[PDB]
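Right, one structure below, let's go through it.
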Amino acid sequence: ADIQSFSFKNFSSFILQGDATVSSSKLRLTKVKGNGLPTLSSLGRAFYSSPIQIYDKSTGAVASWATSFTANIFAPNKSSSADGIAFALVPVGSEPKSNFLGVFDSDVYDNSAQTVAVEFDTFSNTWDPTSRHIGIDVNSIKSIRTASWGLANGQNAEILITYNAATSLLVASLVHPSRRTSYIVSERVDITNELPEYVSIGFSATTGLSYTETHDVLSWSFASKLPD
Amino acid sequence: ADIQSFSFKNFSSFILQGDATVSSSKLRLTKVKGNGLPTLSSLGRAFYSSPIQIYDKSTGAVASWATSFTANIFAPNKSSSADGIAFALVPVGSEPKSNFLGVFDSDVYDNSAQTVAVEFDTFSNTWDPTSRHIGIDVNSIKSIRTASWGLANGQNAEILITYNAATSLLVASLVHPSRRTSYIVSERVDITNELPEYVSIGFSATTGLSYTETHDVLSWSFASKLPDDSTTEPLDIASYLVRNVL
Ligand SMILES: [Ca+2]
Ligand SMILES: [Ca+2]
Ligand SMILES: [Mn+2]
Ligand SMILES: [Mn+2]
């Protein structure tokens, strides 16, 4: 049984791409002006330095894992929030994608993407459902299951994602303690077909073009357990 | 930092009350006939042998904790399901209560009860909301927040309860993998006012009088983390799970 875990409360163990930056001991994924306001046309991704193994081609074994983290998103003009943030598993060398939250290129299934992510969509792209949602994306910006999400502008969101290899079920939940609100989404996912043996875990967030908000991760914890 | 944790996949580390029984390496809380069918007018509670400390009067510190477990509930005649099952924190010597799921006596707040529980109500007692729900009970069978729950008769339910001392927020979620269904309920809870420094954790389940189902716990995991300074530090679920649950 191979185990890999970590816990950060204060964010060089990360690989940053684009506007991704850490300051104030907190990961800030999208751009922010001197005044401290967001930025239009931004994109940033942050990934853990050491790659983790999802499954083993030989043994056939598949790891069950879990991850949690807290994040605050502030969008002046709540109604002009965009585009959102996502937790993802991408192929190692992976260079950013479309600005789609920087992880996908189209709303059409493309196994070649070898990318799976949990999105926290704040702007509804008329593939997207009518309101802010939590979605499970498998090789396409078109989620395979979504859930209504009451966004608490400025407030923190404590989220928890888990993947049970036995049931092949992936589950996610955002929770705003400020308002005692809670949400979940579940969905089977054949991880062996959607991704590589080894992937990179992390975050990716974008902002609008014409519509922006902040994307700051506050704490991050992770653990994976691969059998023989 | 004082830590207490455990994990059971195969159920004498438990204190049983009433019809509570373990057989087939699985905790069976309500009665079952030879034929294997439920039983009317049943009640059973099961608790971990060692008591756990929720907070410290002196230090002022309050522990953040989490618990998970899998359970199957079968009720022939789905529409005649009753009464449900609950996870609870009760004062140590605690003898069972009303048959209310065996943990409360009235729908009126009574601090003297010093009991807090997460209910999985299957029969709607016209205090209860119209359909099966998940509720947070604080010293009363009248939940302080509830959530609609789609019951998968016979199928397993993987549940997870957590209490963040920093936010004083308590959260719960049942999940039926058979049907990829999920549910949550959240609610602030001033644990220091609702319970004793030391409590007993466990389960309690009842059945109807006139209406029954089975209440079998399959696996149980738990972890608590008490600090020294009033300063609270939520747990590591990311870890507590894979390591304990997955
Ligand atoms: Ca969108
Ligand atoms: Ca009831
Ligand atoms: Mn979407
Ligand atoms: Mn109720």
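Going by the structure tokens order, chains are called A, B, ..., each with residues numbered from 1, while ligands are numbered from 1 in the order shown.
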
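Every residue of range 18-205 of chain A found in helix (DSSP H, G or I) when DSSP is run on the backbone appears here: residues 78, 79, 80, 111, 112, 113, 177, 178, 179, 191, 192, 193 and 194 of chain A.
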
Can you list every residue of chain A that has an atom at most 12 Å from ligand 3, with its nearest atom pair and the distance in Å to one decimal, using only C-alpha atoms and all ligand atoms, ordered by chain then number, as a tab-separated table?
residue	atom	partner	partner_atom_place_in_ligand_line	distance
A:82	CA	ligand 3	1 (Mn)	11.4
A:83	CA	ligand 3	1 (Mn)	9.6
A:84	CA	ligand 3	1 (Mn)	9.1
A:85	CA	ligand 3	1 (Mn)	10.4
A:86	CA	ligand 3	1 (Mn)	10.2
A:100	CA	ligand 3	1 (Mn)	8.6
A:101	CA	ligand 3	1 (Mn)	9.6
A:104	CA	ligand 3	1 (Mn)	11.4
A:106	CA	ligand 3	1 (Mn)	11.9
A:107	CA	ligand 3	1 (Mn)	9.7
A:117	CA	ligand 3	1 (Mn)	10.9
A:118	CA	ligand 3	1 (Mn)	9.5
A:119	CA	ligand 3	1 (Mn)	6.7
A:120	CA	ligand 3	1 (Mn)	7.5
A:121	CA	ligand 3	1 (Mn)	5.3
A:122	CA	ligand 3	1 (Mn)	8.3
A:123	CA	ligand 3	1 (Mn)	8.2
A:124	CA	ligand 3	1 (Mn)	6.8
A:125	CA	ligand 3	1 (Mn)	7.2
A:126	CA	ligand 3	1 (Mn)	9.4
A:127	CA	ligand 3	1 (Mn)	6.8
A:128	CA	ligand 3	1 (Mn)	4.4
A:129	CA	ligand 3	1 (Mn)	6.8
A:130	CA	ligand 3	1 (Mn)	9.5
A:131	CA	ligand 3	1 (Mn)	9.3
A:132	CA	ligand 3	1 (Mn)	8.1
A:133	CA	ligand 3	1 (Mn)	6.7
A:134	CA	ligand 3	1 (Mn)	7.4
A:135	CA	ligand 3	1 (Mn)	6.0
A:136	CA	ligand 3	1 (Mn)	8.5
A:137	CA	ligand 3	1 (Mn)	8.2
A:138	CA	ligand 3	1 (Mn)	11.5
A:140	CA	ligand 3	1 (Mn)	9.8
A:141	CA	ligand 3	1 (Mn)	6.4
A:142	CA	ligand 3	1 (Mn)	6.0
A:143	CA	ligand 3	1 (Mn)	5.8
A:144	CA	ligand 3	1 (Mn)	9.4
A:145	CA	ligand 3	1 (Mn)	9.4
A:146	CA	ligand 3	1 (Mn)	7.6
A:147	CA	ligand 3	1 (Mn)	9.8
A:148	CA	ligand 3	1 (Mn)	10.7
A:149	CA	ligand 3	1 (Mn)	11.4

Original post:
So which residues are near ligand 4, meaning at most 10 Å away with only C-alpha atoms and all ligand atoms counted, given back as number ranges by chain?
Top reply: B: 83-84, 100-101, 107, 118-137, 140-147

Subject >> Interface, chain A side, toward chain B (7 Å; only C-alpha atoms) as a PyMOL selection string >> reply: chain A and resi 64-68+164+167+177+180-187+221-225

**OP:** For each of A:189, A:153, A:197, A:172, take the minimum atom-to-atom distance to residue 79 in chain A, counting only C-alpha atoms, then give the residue where this is smallest.
**Re:**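 Result for the nearest residue to residue 79 in chain A: A:153.
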
**OP:** Would you return as a ChimeraX atom specification the members of range 51-128 of chain A that DSSP assigns to strand (DSSP E) on this structure's backbone?
**Re:** /A:52-53,64-72,84-91,116-121

Just the selected residues (N, CA, C and O atoms), exported as a short mmCIF file (atom, residue, chain, number, x, y, z; two decimals), in the first residue's frame, please.
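Saved as again-v5.cif:
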data_model
loop_
_atom_site.label_atom_id
_atom_site.label_comp_id
_atom_site.auth_asym_id
_atom_site.auth_seq_id
_atom_site.Cartn_x
_atom_site.Cartn_y
_atom_site.Cartn_z
N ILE A 52 1.34 12.47 -8.58
CA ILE A 52 0.81 11.35 -7.83
C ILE A 52 0.20 10.31 -8.77
O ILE A 52 -0.31 10.64 -9.84
N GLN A 53 0.31 9.04 -8.39
CA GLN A 53 -0.18 7.91 -9.17
C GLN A 53 -1.61 7.52 -8.83
O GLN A 53 -1.89 7.11 -7.70
N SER A 64 -7.83 5.15 -4.00
CA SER A 64 -8.96 5.91 -3.50
C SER A 64 -8.21 7.09 -2.88
O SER A 64 -7.14 6.91 -2.31
N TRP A 65 -8.75 8.29 -3.02
CA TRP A 65 -8.08 9.46 -2.47
C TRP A 65 -9.09 10.51 -2.01
O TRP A 65 -10.29 10.36 -2.24
N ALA A 66 -8.59 11.56 -1.36
CA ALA A 66 -9.45 12.63 -0.89
C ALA A 66 -8.66 13.92 -0.79
O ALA A 66 -7.44 13.89 -0.61
N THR A 67 -9.36 15.04 -0.92
CA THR A 67 -8.73 16.36 -0.83
C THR A 67 -9.70 17.43 -0.27
O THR A 67 -10.91 17.43 -0.55
N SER A 68 -9.16 18.34 0.53
CA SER A 68 -9.99 19.38 1.09
C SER A 68 -9.21 20.68 1.01
O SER A 68 -7.98 20.68 0.91
N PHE A 69 -9.92 21.79 1.04
CA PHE A 69 -9.28 23.09 1.01
C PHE A 69 -10.29 24.19 1.21
O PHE A 69 -11.48 23.99 0.92
N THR A 70 -9.82 25.33 1.70
CA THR A 70 -10.71 26.46 1.94
C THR A 70 -10.39 27.53 0.93
O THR A 70 -9.23 27.74 0.64
N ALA A 71 -11.42 28.20 0.43
CA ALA A 71 -11.23 29.26 -0.57
C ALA A 71 -12.20 30.42 -0.41
O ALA A 71 -13.34 30.18 -0.02
N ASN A 72 -11.76 31.67 -0.67
CA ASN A 72 -12.67 32.85 -0.62
C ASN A 72 -12.70 33.40 -2.03
O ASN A 72 -11.67 33.45 -2.72
N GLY A 84 -14.92 31.50 -12.50
CA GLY A 84 -14.98 30.43 -11.51
C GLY A 84 -13.64 29.77 -11.25
O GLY A 84 -12.59 30.19 -11.77
N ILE A 85 -13.66 28.70 -10.45
CA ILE A 85 -12.43 27.98 -10.13
C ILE A 85 -12.64 26.46 -10.15
O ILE A 85 -13.74 25.97 -9.88
N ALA A 86 -11.58 25.72 -10.45
CA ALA A 86 -11.70 24.27 -10.50
C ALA A 86 -10.51 23.49 -9.95
O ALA A 86 -9.35 23.92 -10.02
N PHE A 87 -10.82 22.33 -9.39
CA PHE A 87 -9.78 21.46 -8.86
C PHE A 87 -9.58 20.47 -9.99
O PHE A 87 -10.56 19.96 -10.54
N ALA A 88 -8.33 20.19 -10.34
CA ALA A 88 -8.10 19.27 -11.45
C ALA A 88 -6.95 18.29 -11.37
O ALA A 88 -6.00 18.45 -10.60
N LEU A 89 -7.08 17.28 -12.21
CA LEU A 89 -6.10 16.22 -12.35
C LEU A 89 -5.79 16.28 -13.83
O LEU A 89 -6.66 15.97 -14.68
N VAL A 90 -4.57 16.68 -14.15
CA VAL A 90 -4.14 16.80 -15.53
C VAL A 90 -2.84 16.05 -15.75
O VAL A 90 -2.13 15.73 -14.80
N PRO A 91 -2.54 15.74 -17.03
CA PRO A 91 -1.31 15.03 -17.38
C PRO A 91 -0.15 15.94 -17.01
O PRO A 91 -0.21 17.15 -17.25
N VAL A 116 -9.70 15.58 -15.72
CA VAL A 116 -10.93 15.47 -14.95
C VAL A 116 -10.88 16.57 -13.90
O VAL A 116 -9.84 16.78 -13.26
N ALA A 117 -12.00 17.27 -13.72
CA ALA A 117 -12.01 18.35 -12.75
C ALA A 117 -13.34 18.60 -12.10
O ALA A 117 -14.40 18.20 -12.61
N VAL A 118 -13.27 19.26 -10.95
CA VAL A 118 -14.47 19.64 -10.22
C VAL A 118 -14.50 21.16 -10.33
O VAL A 118 -13.59 21.86 -9.85
N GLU A 119 -15.54 21.66 -11.00
CA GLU A 119 -15.69 23.08 -11.24
C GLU A 119 -16.63 23.73 -10.25
O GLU A 119 -17.52 23.09 -9.68
N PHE A 120 -16.39 25.02 -10.04
CA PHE A 120 -17.21 25.83 -9.16
C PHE A 120 -17.49 27.03 -10.03
O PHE A 120 -16.90 28.10 -9.86
N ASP A 121 -18.38 26.79 -11.00
CA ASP A 121 -18.81 27.75 -12.02
C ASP A 121 -19.63 28.90 -11.44
O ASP A 121 -20.63 28.67 -10.76
#

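Excluding residue 63 in chain A itself and any same-chain residue fewer than 6 positions from it, the protein and nucleic acid residues within 6 Å of it, counting only C-alpha atoms, are residues 54, 55, 225 and 226 of chain A.
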
**OP:** Can you work out the spacing between CA of residue 212 in chain A and CA of residue 15 in chain A in Å, to one decimal?
**Re:**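 Interatomic distance, CA of residue 212 in chain A to CA of residue 15 in chain A: 23.6 Å.
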
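All residues of protein, DNA or RNA that reach within 10 Å of residue 112 in chain A, judged by only C-alpha atoms and not counting those fewer than 5 positions away in the chain, are residues 139, 194 and 195 of chain A.
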
Output of the above residues as a compact mmCIF listing (two decimals), in the first residue's frame, restricted to C-alpha atoms:
# COMPACT_ATOMS: atom_id res chain seq x y z
CA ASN A 139 -12.76 15.56 -20.58
CA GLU A 194 -10.42 9.26 -18.31
CA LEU A 195 -6.87 9.80 -17.02

Original post:
What separation in Å, quoted to one decimal, exists between CA of residue 11 in chain A and CA of residue 156 in chain A?
Top reply: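 Interatomic distance, CA of residue 11 in chain A to CA of residue 156 in chain A: 16.8 Å.
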